[PDB]
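Shown next as structure tokens: one chain only, the form deposited without adenosine-5'-diphosphate.
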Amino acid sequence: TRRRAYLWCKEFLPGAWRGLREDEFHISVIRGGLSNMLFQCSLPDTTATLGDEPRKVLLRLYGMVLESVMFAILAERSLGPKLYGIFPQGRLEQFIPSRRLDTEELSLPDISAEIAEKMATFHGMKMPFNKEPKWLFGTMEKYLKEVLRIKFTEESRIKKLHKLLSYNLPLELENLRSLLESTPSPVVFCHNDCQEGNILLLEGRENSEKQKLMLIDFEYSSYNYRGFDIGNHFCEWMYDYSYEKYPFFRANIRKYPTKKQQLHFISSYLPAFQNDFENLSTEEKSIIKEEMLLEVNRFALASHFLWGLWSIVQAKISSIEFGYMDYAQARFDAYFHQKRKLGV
């Protein structure tokens, strides 16, 4: 691996990387794990670059074709990290000096204003993928059917899974389908996982007011209802994954964005998504806003439902230390709370 990374870096990267010896190779882990291990490879500080090649790069081990075409495209358009090399068991990507946002930072008005802008821009991109909005319910159905086949060993998971099934998930899915079918929402290229863990604060521009963030990790990206990408992100205000004691997240329902905070986000989103929106009548803009509010708060329900089902699947299979079943139970609690709140 330290050699594998050495070979991949020597062979895929230009400049000093070409003549690099193996005892000159600097690598360290950025994230271990079982799948998608991140690494930081870099030149001797005492090595001068020959061209415009990078000094430090991010390696990503997968641990099919669409994810690669996608990442290449975003790289080409300067929407994503640059792609320096791609191979069967991973790829070399640009290393972006940054940190991830924290949960509570999402509510900072400049941060959520720029996230809205960035998601709007992400949303207007054309991609060579299927533009039929199959993804949302196709994945929920795929997960549900996995869930009604999962058998757990340990009494606790059995107990928890038994509570979740008692909601009558198949019937509840139909009630959700019914509601969203009656809720218009333009299909656009969605990130589908726009949580704080996937938003870079680019270092050196913490002082920029509108250009300090980048969106990354598009493994779930597809054409999907705009409402889901926004409602999902709103849900993510509630969940903090940096908690260091099992179950390794906190949910806080009170942290869901207020009407005022929602209007602030979409008041950024809309002008960045349709460049003619800014010239509409004050009244019309509020017609569109009030209507969008209903839209994304309904699709928020699908965020809860989808990730709840996903969280149950991950329990049975994942190695990652995370209280998946407790998270599923949190997502469904927020699902039913949001139903009562909306009166739907």
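In this text, rigid core is short for the largest set of C-alphas that superpose within 1.5 Å between two forms. From 1 onward, residues are counted along the sequence shown.
Between 146-154 and 169-177, greater CA displacement relative to the shown form is found for 146-154 when the structures in 9 other deposited structures of this protein are fitted on the core. Displacement analysis by core superposition in 9 other deposited structures of this protein ranks 269-277 above the other of 269-277 and 224-232 in root-mean-square C-alpha distance from the shown form.
According to the entry, the deposited sequence places 10 or more unmodelled residues between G63 and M64. Legend: mean Cα B-factor per stretch from the PDB entry, 93-101 versus 192-200; the higher mean is in 93-101.
If you average the C-alpha B-factors over 281-289 and over 43-51, the higher value belongs to 43-51. Across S268, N224, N207, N130, the entry's maximum B-factor at the CA atom is seen for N207. The PDB entry assigns its highest CA temperature factor, among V69, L34, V296, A302, to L34.
Among the modelled residues of its chain, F228 has a C-alpha B-factor that falls in the lowest third according to the deposited record. In the PDB entry, a CA B factor belonging to the highest third of its chain's modelled residues is recorded for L148. In the PDB entry, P88 places in the highest third of its chain by CA B-factor.
For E236, the recorded CA temperature factor ranks within the lowest third of the chain's modelled residues.
Split the chain's modelled residues into thirds by C-alpha temperature factor. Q274 is in the highest one.
Only in words, not in the display: the form deposited with adenosine-5'-diphosphate bound, which the text now covers.
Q274 falls outside the set of residues with a heavy atom inside 4.5 Å of adenosine-5'-diphosphate in the bound PDB entry. Interface residue remark: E105 is not counted as part of the site for adenosine-5'-diphosphate in the bound PDB entry, having no heavy atom within 4.5 Å. A residue is said to contact a partner when one of its heavy atoms sits within 4.5 Å of a partner heavy atom; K289 fails this definition for adenosine-5'-diphosphate in the bound PDB entry, lying far away. adenosine-5'-diphosphate is not drawn, but in the bound PDB entry it has a heavy atom within 4.5 Å of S98.
Listed residues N175, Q94, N130, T258 were compared with adenosine-5'-diphosphate in the bound PDB entry; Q94 is the one with a heavy atom within 4.5 Å.
Partner contact region in the bound PDB entry: 193-201, out of 178-186, 193-201, 262-270, 117-125, criterion any non-hydrogen atom within 4.5 Å of adenosine-5'-diphosphate. Shown here without adenosine-5'-diphosphate, the chain has only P81 in 65-83 lying with a heavy atom within 4.5 Å of that partner in the bound PDB entry.
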